[PDB]
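Asker: What follows is query38.cif, made up of mmCIF, N, CA and C atoms; chains and numbers go by the auth columns:
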data_upload
#
loop_
_atom_site.group_PDB
_atom_site.id
_atom_site.type_symbol
_atom_site.label_atom_id
_atom_site.label_comp_id
_atom_site.label_asym_id
_atom_site.label_seq_id
_atom_site.Cartn_x
_atom_site.Cartn_y
_atom_site.Cartn_z
_atom_site.B_iso_or_equiv
_atom_site.auth_seq_id
_atom_site.auth_asym_id
ATOM 1 N N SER A 1 0.803 -1.217 0.000 0.00 356 A
ATOM 2 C CA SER A 1 0.000 0.000 0.000 0.00 356 A
ATOM 3 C C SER A 1 0.840 1.273 0.000 0.00 356 A
ATOM 4 N N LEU A 2 2.151 1.179 -0.256 0.00 357 A
ATOM 5 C CA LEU A 2 2.964 2.393 -0.280 0.00 357 A
ATOM 6 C C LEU A 2 2.807 3.115 -1.618 0.00 357 A
ATOM 7 N N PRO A 3 2.793 4.449 -1.610 0.00 358 A
ATOM 8 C CA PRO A 3 2.632 5.193 -2.865 0.00 358 A
ATOM 9 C C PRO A 3 3.872 5.118 -3.745 0.00 358 A
ATOM 10 N N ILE A 4 3.641 5.234 -5.049 0.00 359 A
ATOM 11 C CA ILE A 4 4.693 5.236 -6.057 0.00 359 A
ATOM 12 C C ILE A 4 4.846 6.664 -6.569 0.00 359 A
ATOM 13 N N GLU A 5 6.095 7.072 -6.821 0.00 360 A
ATOM 14 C CA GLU A 5 6.379 8.403 -7.347 0.00 360 A
ATOM 15 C C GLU A 5 5.780 8.593 -8.737 0.00 360 A
ATOM 16 N N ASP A 6 5.489 9.852 -9.068 0.00 361 A
ATOM 17 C CA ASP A 6 4.942 10.189 -10.374 0.00 361 A
ATOM 18 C C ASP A 6 5.966 10.072 -11.496 0.00 361 A
ATOM 19 N N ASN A 7 7.256 10.220 -11.187 0.00 362 A
ATOM 20 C CA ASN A 7 8.305 10.107 -12.191 0.00 362 A
ATOM 21 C C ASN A 7 8.523 8.677 -12.668 0.00 362 A
ATOM 22 N N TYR A 8 8.062 7.681 -11.913 0.00 363 A
ATOM 23 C CA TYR A 8 8.073 6.301 -12.382 0.00 363 A
ATOM 24 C C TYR A 8 6.816 5.955 -13.165 0.00 363 A
ATOM 25 N N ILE A 9 5.676 6.538 -12.784 0.00 364 A
ATOM 26 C CA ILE A 9 4.433 6.325 -13.518 0.00 364 A
ATOM 27 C C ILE A 9 4.518 6.957 -14.902 0.00 364 A
ATOM 28 N N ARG A 10 5.072 8.168 -14.989 0.00 365 A
ATOM 29 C CA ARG A 10 5.276 8.821 -16.276 0.00 365 A
ATOM 30 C C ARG A 10 6.404 8.194 -17.088 0.00 365 A
ATOM 31 N N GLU A 11 7.263 7.385 -16.466 0.00 366 A
ATOM 32 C CA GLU A 11 8.295 6.648 -17.187 0.00 366 A
ATOM 33 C C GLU A 11 7.762 5.341 -17.760 0.00 366 A
ATOM 34 N N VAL A 12 6.938 4.624 -16.993 0.00 367 A
ATOM 35 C CA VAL A 12 6.326 3.397 -17.497 0.00 367 A
ATOM 36 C C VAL A 12 5.274 3.722 -18.552 0.00 367 A
ATOM 37 N N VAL A 13 4.387 4.666 -18.252 0.00 368 A
ATOM 38 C CA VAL A 13 3.353 5.072 -19.196 0.00 368 A
ATOM 39 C C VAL A 13 3.946 5.950 -20.292 0.00 368 A
ATOM 40 N N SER A 14 -3.324 -1.745 -49.094 0.00 387 A
ATOM 41 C CA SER A 14 -3.708 -2.084 -50.459 0.00 387 A
ATOM 42 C C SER A 14 -3.978 -0.829 -51.281 0.00 387 A
ATOM 43 N N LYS A 15 -3.787 0.332 -50.660 0.00 388 A
ATOM 44 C CA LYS A 15 -4.015 1.613 -51.313 0.00 388 A
ATOM 45 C C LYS A 15 -2.795 2.120 -52.072 0.00 388 A
ATOM 46 N N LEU A 16 -1.660 1.426 -51.980 0.00 389 A
ATOM 47 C CA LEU A 16 -0.463 1.858 -52.691 0.00 389 A
ATOM 48 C C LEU A 16 -0.476 1.383 -54.140 0.00 389 A
ATOM 49 N N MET A 17 -0.899 0.140 -54.373 0.00 390 A
ATOM 50 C CA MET A 17 -0.897 -0.431 -55.714 0.00 390 A
ATOM 51 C C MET A 17 -2.077 0.023 -56.564 0.00 390 A
ATOM 52 N N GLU A 18 -3.033 0.760 -55.992 0.00 391 A
ATOM 53 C CA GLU A 18 -4.176 1.228 -56.767 0.00 391 A
ATOM 54 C C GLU A 18 -3.824 2.392 -57.683 0.00 391 A
ATOM 55 N N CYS A 19 -2.708 3.079 -57.433 0.00 392 A
ATOM 56 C CA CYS A 19 -2.289 4.200 -58.261 0.00 392 A
ATOM 57 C C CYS A 19 -1.047 3.923 -59.095 0.00 392 A
ATOM 58 N N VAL A 20 -0.191 2.991 -58.672 0.00 393 A
ATOM 59 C CA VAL A 20 1.044 2.708 -59.401 0.00 393 A
ATOM 60 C C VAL A 20 0.744 2.013 -60.725 0.00 393 A
ATOM 61 N N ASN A 21 -0.163 1.029 -60.703 0.00 394 A
ATOM 62 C CA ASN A 21 -0.545 0.323 -61.921 0.00 394 A
ATOM 63 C C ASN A 21 -1.326 1.205 -62.888 0.00 394 A
ATOM 64 N N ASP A 22 -1.954 2.275 -62.396 0.00 395 A
ATOM 65 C CA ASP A 22 -2.596 3.240 -63.278 0.00 395 A
ATOM 66 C C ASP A 22 -1.623 4.288 -63.801 0.00 395 A
ATOM 67 N N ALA A 23 -0.611 4.656 -63.015 0.00 396 A
ATOM 68 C CA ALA A 23 0.397 5.605 -63.462 0.00 396 A
ATOM 69 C C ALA A 23 1.392 4.998 -64.440 0.00 396 A
ATOM 70 N N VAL A 24 1.607 3.681 -64.383 0.00 397 A
ATOM 71 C CA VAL A 24 2.428 3.025 -65.399 0.00 397 A
ATOM 72 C C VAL A 24 1.707 3.022 -66.744 0.00 397 A
ATOM 73 N N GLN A 25 0.403 2.731 -66.739 0.00 398 A
ATOM 74 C CA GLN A 25 -0.359 2.692 -67.985 0.00 398 A
ATOM 75 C C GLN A 25 -0.591 4.095 -68.540 0.00 398 A
ATOM 76 N N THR A 26 -1.229 4.962 -67.761 0.00 399 A
ATOM 77 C CA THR A 26 -1.492 6.328 -68.198 0.00 399 A
ATOM 78 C C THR A 26 -0.589 7.319 -67.471 0.00 399 A
ATOM 79 N N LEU B 1 3.416 12.536 -70.595 0.00 407 B
ATOM 80 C CA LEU B 1 2.485 13.644 -70.788 0.00 407 B
ATOM 81 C C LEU B 1 1.687 13.491 -72.075 0.00 407 B
ATOM 82 N N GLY B 2 2.281 12.873 -73.099 0.00 408 B
ATOM 83 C CA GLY B 2 1.535 12.560 -74.305 0.00 408 B
ATOM 84 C C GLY B 2 0.444 11.534 -74.076 0.00 408 B
ATOM 85 N N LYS B 3 0.708 10.534 -73.231 0.00 409 B
ATOM 86 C CA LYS B 3 -0.317 9.568 -72.856 0.00 409 B
ATOM 87 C C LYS B 3 -1.425 10.191 -72.014 0.00 409 B
ATOM 88 N N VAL B 4 -1.076 11.103 -71.105 0.00 410 B
ATOM 89 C CA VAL B 4 -2.076 11.842 -70.335 0.00 410 B
ATOM 90 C C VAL B 4 -2.937 12.721 -71.242 0.00 410 B
ATOM 91 N N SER B 5 -2.322 13.366 -72.240 0.00 411 B
ATOM 92 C CA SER B 5 -3.081 14.174 -73.191 0.00 411 B
ATOM 93 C C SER B 5 -3.953 13.316 -74.105 0.00 411 B
ATOM 94 N N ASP B 6 -3.489 12.118 -74.471 0.00 412 B
ATOM 95 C CA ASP B 6 -4.306 11.234 -75.298 0.00 412 B
ATOM 96 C C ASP B 6 -5.474 10.647 -74.516 0.00 412 B
ATOM 97 N N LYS B 7 -5.312 10.454 -73.205 0.00 413 B
ATOM 98 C CA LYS B 7 -6.458 10.082 -72.378 0.00 413 B
ATOM 99 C C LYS B 7 -7.424 11.254 -72.221 0.00 413 B
ATOM 100 N N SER B 8 -6.890 12.462 -72.023 0.00 414 B
ATOM 101 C CA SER B 8 -7.733 13.636 -71.843 0.00 414 B
ATOM 102 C C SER B 8 -8.460 14.038 -73.122 0.00 414 B
ATOM 103 N N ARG B 9 -7.942 13.656 -74.295 0.00 415 B
ATOM 104 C CA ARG B 9 -8.646 13.928 -75.548 0.00 415 B
ATOM 105 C C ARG B 9 -9.949 13.137 -75.643 0.00 415 B
ATOM 106 N N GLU B 10 -9.918 11.845 -75.304 0.00 416 B
ATOM 107 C CA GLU B 10 -11.157 11.074 -75.319 0.00 416 B
ATOM 108 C C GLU B 10 -12.052 11.402 -74.127 0.00 416 B
ATOM 109 N N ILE B 11 -11.485 11.868 -73.010 0.00 417 B
ATOM 110 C CA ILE B 11 -12.338 12.404 -71.944 0.00 417 B
ATOM 111 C C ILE B 11 -13.045 13.693 -72.398 0.00 417 B
ATOM 112 N N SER B 12 -12.365 14.540 -73.178 0.00 418 B
ATOM 113 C CA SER B 12 -13.000 15.732 -73.736 0.00 418 B
ATOM 114 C C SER B 12 -14.055 15.379 -74.778 0.00 418 B
ATOM 115 N N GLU B 13 -13.832 14.314 -75.554 0.00 419 B
ATOM 116 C CA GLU B 13 -14.866 13.828 -76.469 0.00 419 B
ATOM 117 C C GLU B 13 -16.081 13.300 -75.707 0.00 419 B
ATOM 118 N N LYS B 14 -15.842 12.626 -74.575 0.00 420 B
ATOM 119 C CA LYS B 14 -16.921 12.205 -73.683 0.00 420 B
ATOM 120 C C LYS B 14 -17.699 13.398 -73.132 0.00 420 B
ATOM 121 N N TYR B 15 -17.021 14.500 -72.819 0.00 421 B
ATOM 122 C CA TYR B 15 -17.747 15.690 -72.377 0.00 421 B
ATOM 123 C C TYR B 15 -18.429 16.458 -73.508 0.00 421 B
ATOM 124 N N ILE B 16 -17.943 16.353 -74.746 0.00 422 B
ATOM 125 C CA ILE B 16 -18.694 16.874 -75.891 0.00 422 B
ATOM 126 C C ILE B 16 -20.006 16.116 -76.055 0.00 422 B
ATOM 127 N N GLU B 17 -19.941 14.781 -75.966 0.00 423 B
ATOM 128 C CA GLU B 17 -21.150 13.962 -75.970 0.00 423 B
ATOM 129 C C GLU B 17 -22.033 14.221 -74.752 0.00 423 B
ATOM 130 N N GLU B 18 -21.439 14.630 -73.630 0.00 424 B
ATOM 131 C CA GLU B 18 -22.214 15.025 -72.457 0.00 424 B
ATOM 132 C C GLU B 18 -22.946 16.344 -72.690 0.00 424 B
ATOM 133 N N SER B 19 -22.295 17.298 -73.360 0.00 425 B
ATOM 134 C CA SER B 19 -22.835 18.650 -73.458 0.00 425 B
ATOM 135 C C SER B 19 -23.885 18.781 -74.557 0.00 425 B
ATOM 136 N N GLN B 20 -23.725 18.043 -75.665 0.00 426 B
ATOM 137 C CA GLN B 20 -24.628 18.233 -76.802 0.00 426 B
ATOM 138 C C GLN B 20 -26.045 17.741 -76.512 0.00 426 B
ATOM 139 N N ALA B 21 -26.188 16.681 -75.711 0.00 427 B
ATOM 140 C CA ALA B 21 -27.518 16.216 -75.328 0.00 427 B
ATOM 141 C C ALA B 21 -28.218 17.207 -74.403 0.00 427 B
ATOM 142 N N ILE B 22 -27.458 17.885 -73.539 0.00 428 B
ATOM 143 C CA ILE B 22 -28.027 18.917 -72.676 0.00 428 B
ATOM 144 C C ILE B 22 -28.461 20.125 -73.504 0.00 428 B
ATOM 145 N N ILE B 23 -27.683 20.463 -74.541 0.00 429 B
ATOM 146 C CA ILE B 23 -28.063 21.547 -75.450 0.00 429 B
ATOM 147 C C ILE B 23 -29.349 21.206 -76.203 0.00 429 B
ATOM 148 N N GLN B 24 -29.450 19.976 -76.723 0.00 430 B
ATOM 149 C CA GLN B 24 -30.670 19.538 -77.400 0.00 430 B
ATOM 150 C C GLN B 24 -31.875 19.479 -76.465 0.00 430 B
ATOM 151 N N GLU B 25 -31.671 19.110 -75.198 0.00 431 B
ATOM 152 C CA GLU B 25 -32.774 19.095 -74.243 0.00 431 B
ATOM 153 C C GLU B 25 -33.231 20.505 -73.875 0.00 431 B
ATOM 154 N N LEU B 26 -32.300 21.467 -73.789 0.00 432 B
ATOM 155 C CA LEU B 26 -32.679 22.876 -73.653 0.00 432 B
ATOM 156 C C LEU B 26 -33.491 23.371 -74.847 0.00 432 B
ATOM 157 N N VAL B 27 -33.077 22.996 -76.063 0.00 433 B
ATOM 158 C CA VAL B 27 -33.799 23.406 -77.268 0.00 433 B
ATOM 159 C C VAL B 27 -35.203 22.799 -77.291 0.00 433 B
ATOM 160 N N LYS B 28 -35.350 21.558 -76.810 0.00 434 B
ATOM 161 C CA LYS B 28 -36.685 20.962 -76.709 0.00 434 B
ATOM 162 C C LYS B 28 -37.537 21.667 -75.657 0.00 434 B
ATOM 163 N N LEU B 29 -36.970 21.914 -74.471 0.00 435 B
ATOM 164 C CA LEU B 29 -37.743 22.489 -73.375 0.00 435 B
ATOM 165 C C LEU B 29 -38.078 23.963 -73.585 0.00 435 B
ATOM 166 N N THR B 30 -37.415 24.639 -74.530 0.00 436 B
ATOM 167 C CA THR B 30 -37.823 26.001 -74.874 0.00 436 B
ATOM 168 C C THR B 30 -39.169 26.018 -75.611 0.00 436 B
ATOM 169 N N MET B 31 -39.490 24.931 -76.327 0.00 437 B
ATOM 170 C CA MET B 31 -40.549 24.959 -77.338 0.00 437 B
ATOM 171 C C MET B 31 -41.944 25.047 -76.725 0.00 437 B
ATOM 172 N N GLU B 32 -42.196 24.343 -75.615 0.00 438 B
ATOM 173 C CA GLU B 32 -43.528 24.385 -75.010 0.00 438 B
ATOM 174 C C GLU B 32 -43.802 25.722 -74.330 0.00 438 B
ATOM 175 N N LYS B 33 -42.777 26.307 -73.699 0.00 439 B
ATOM 176 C CA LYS B 33 -42.912 27.637 -73.115 0.00 439 B
ATOM 177 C C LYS B 33 -43.119 28.688 -74.201 0.00 439 B
ATOM 178 N N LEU B 34 -42.541 28.467 -75.386 0.00 440 B
ATOM 179 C CA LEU B 34 -42.868 29.329 -76.519 0.00 440 B
ATOM 180 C C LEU B 34 -44.288 29.090 -77.031 0.00 440 B
ATOM 181 N N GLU B 35 -44.743 27.832 -77.053 0.00 441 B
ATOM 182 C CA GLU B 35 -46.038 27.487 -77.642 0.00 441 B
ATOM 183 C C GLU B 35 -47.205 28.020 -76.815 0.00 441 B
ATOM 184 N N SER B 36 -47.059 28.045 -75.484 0.00 442 B
ATOM 185 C CA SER B 36 -48.066 28.687 -74.639 0.00 442 B
ATOM 186 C C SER B 36 -48.206 30.180 -74.936 0.00 442 B
ATOM 187 N N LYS B 37 -47.091 30.871 -75.168 0.00 443 B
ATOM 188 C CA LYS B 37 -47.132 32.259 -75.605 0.00 443 B
ATOM 189 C C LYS B 37 -47.648 32.417 -77.029 0.00 443 B
ATOM 190 N N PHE B 38 -47.463 31.409 -77.891 0.00 444 B
ATOM 191 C CA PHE B 38 -48.093 31.438 -79.214 0.00 444 B
ATOM 192 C C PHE B 38 -49.613 31.356 -79.113 0.00 444 B
ATOM 193 N N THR B 39 -50.130 30.540 -78.192 0.00 445 B
ATOM 194 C CA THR B 39 -51.579 30.496 -77.981 0.00 445 B
ATOM 195 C C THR B 39 -52.103 31.803 -77.383 0.00 445 B
ATOM 196 N N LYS B 40 -51.352 32.384 -76.436 0.00 446 B
ATOM 197 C CA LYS B 40 -51.690 33.705 -75.906 0.00 446 B
ATOM 198 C C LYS B 40 -51.635 34.780 -76.991 0.00 446 B
ATOM 199 N N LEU B 41 -50.756 34.605 -77.979 0.00 447 B
ATOM 200 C CA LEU B 41 -50.676 35.521 -79.111 0.00 447 B
ATOM 201 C C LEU B 41 -51.858 35.343 -80.057 0.00 447 B
ATOM 202 N N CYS B 42 -52.282 34.096 -80.277 0.00 448 B
ATOM 203 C CA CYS B 42 -53.399 33.823 -81.177 0.00 448 B
ATOM 204 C C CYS B 42 -54.742 34.237 -80.590 0.00 448 B
ATOM 205 N N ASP B 43 -54.841 34.371 -79.262 0.00 449 B
ATOM 206 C CA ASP B 43 -56.056 34.948 -78.682 0.00 449 B
ATOM 207 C C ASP B 43 -56.229 36.424 -79.055 0.00 449 B
ATOM 208 N N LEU B 44 -55.120 37.139 -79.262 0.00 450 B
ATOM 209 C CA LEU B 44 -55.153 38.560 -79.585 0.00 450 B
ATOM 210 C C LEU B 44 -55.772 38.856 -80.946 0.00 450 B
ATOM 211 N N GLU B 45 -55.769 37.887 -81.871 0.00 451 B
ATOM 212 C CA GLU B 45 -56.327 38.094 -83.206 0.00 451 B
ATOM 213 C C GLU B 45 -57.836 38.312 -83.173 0.00 451 B
ATOM 214 N N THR B 46 -58.518 37.785 -82.157 0.00 452 B
ATOM 215 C CA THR B 46 -59.925 38.085 -81.930 0.00 452 B
ATOM 216 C C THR B 46 -60.138 39.147 -80.862 0.00 452 B
ATOM 217 N N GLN B 47 -59.240 39.216 -79.864 0.00 453 B
ATOM 218 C CA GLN B 47 -59.376 40.231 -78.818 0.00 453 B
ATOM 219 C C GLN B 47 -59.161 41.645 -79.355 0.00 453 B
ATOM 220 N N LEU B 48 -58.442 41.790 -80.472 0.00 454 B
ATOM 221 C CA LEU B 48 -58.311 43.107 -81.087 0.00 454 B
ATOM 222 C C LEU B 48 -59.413 43.374 -82.109 0.00 454 B
ATOM 223 N N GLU B 49 -59.915 42.328 -82.773 0.00 455 B
ATOM 224 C CA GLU B 49 -60.992 42.495 -83.743 0.00 455 B
ATOM 225 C C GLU B 49 -62.308 42.882 -83.074 0.00 455 B
ATOM 226 N N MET B 50 -62.526 42.431 -81.830 0.00 456 B
ATOM 227 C CA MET B 50 -63.706 42.861 -81.077 0.00 456 B
ATOM 228 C C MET B 50 -63.696 44.368 -80.826 0.00 456 B
#
Translate this file's structure into structure tokens.
Answerer:
Amino acid sequence: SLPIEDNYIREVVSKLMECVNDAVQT
Amino acid sequence: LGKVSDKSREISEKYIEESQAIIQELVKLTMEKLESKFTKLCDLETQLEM
């Protein structure tokens, strides 16, 4: 039940190919 | 860029085909609004003779 410091708590705490194949063609 | 322009040429042809039907539909829809005024005009041929 002892408290813990805050500095330890703050220490612990397919769309790509849709355009390429179209840019190669057109 | 030549391939992009060749695609855009047929897209522009698609928009020519898009625009001409709208122009023809405007020309059709003008006619009935004109014809109602033609009937209003033909009433005057007796309304003035009276």
Asker: Translate the PyMOL selection byres ((chain B and name CA) within 9 of (chain A and name CA)) into a concrete residue list for this structure, as number ranges by chain.
Answerer: B: 407, 409-410, 413
Asker: Could you tell me how far CA of residue 455 (chain B) sits from CA of residue 441 (chain B), in Å to one decimal place?
Answerer: 22.0 Å
Asker: Would you compute the box with edges along x, y and z of the file around region 419-428 of chain B, including every atom the file lists for it and 4 Å extra on each side, and give its centre and edge lengths in Å to one decimal, as AutoDock Vina command-line options?
Answerer:
--center_x -21.1 --center_y 16.2 --center_z -74.6 --size_x 22.6 --size_y 15.9 --size_z 12.4
Asker: Please measure the separation of atom N of residue 420 (chain B) and atom C of residue 437 (chain B), giving the value in Å to one decimal.
Answerer: 29.0 Å
Asker: Please measure the separation of CA of residue 408 (chain B) and CA of residue 421 (chain B), giving the value in Å to one decimal.
Answerer: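 Calculated distance between CA of residue 408 (chain B) and CA of residue 421 (chain B) is 19.6 Å.
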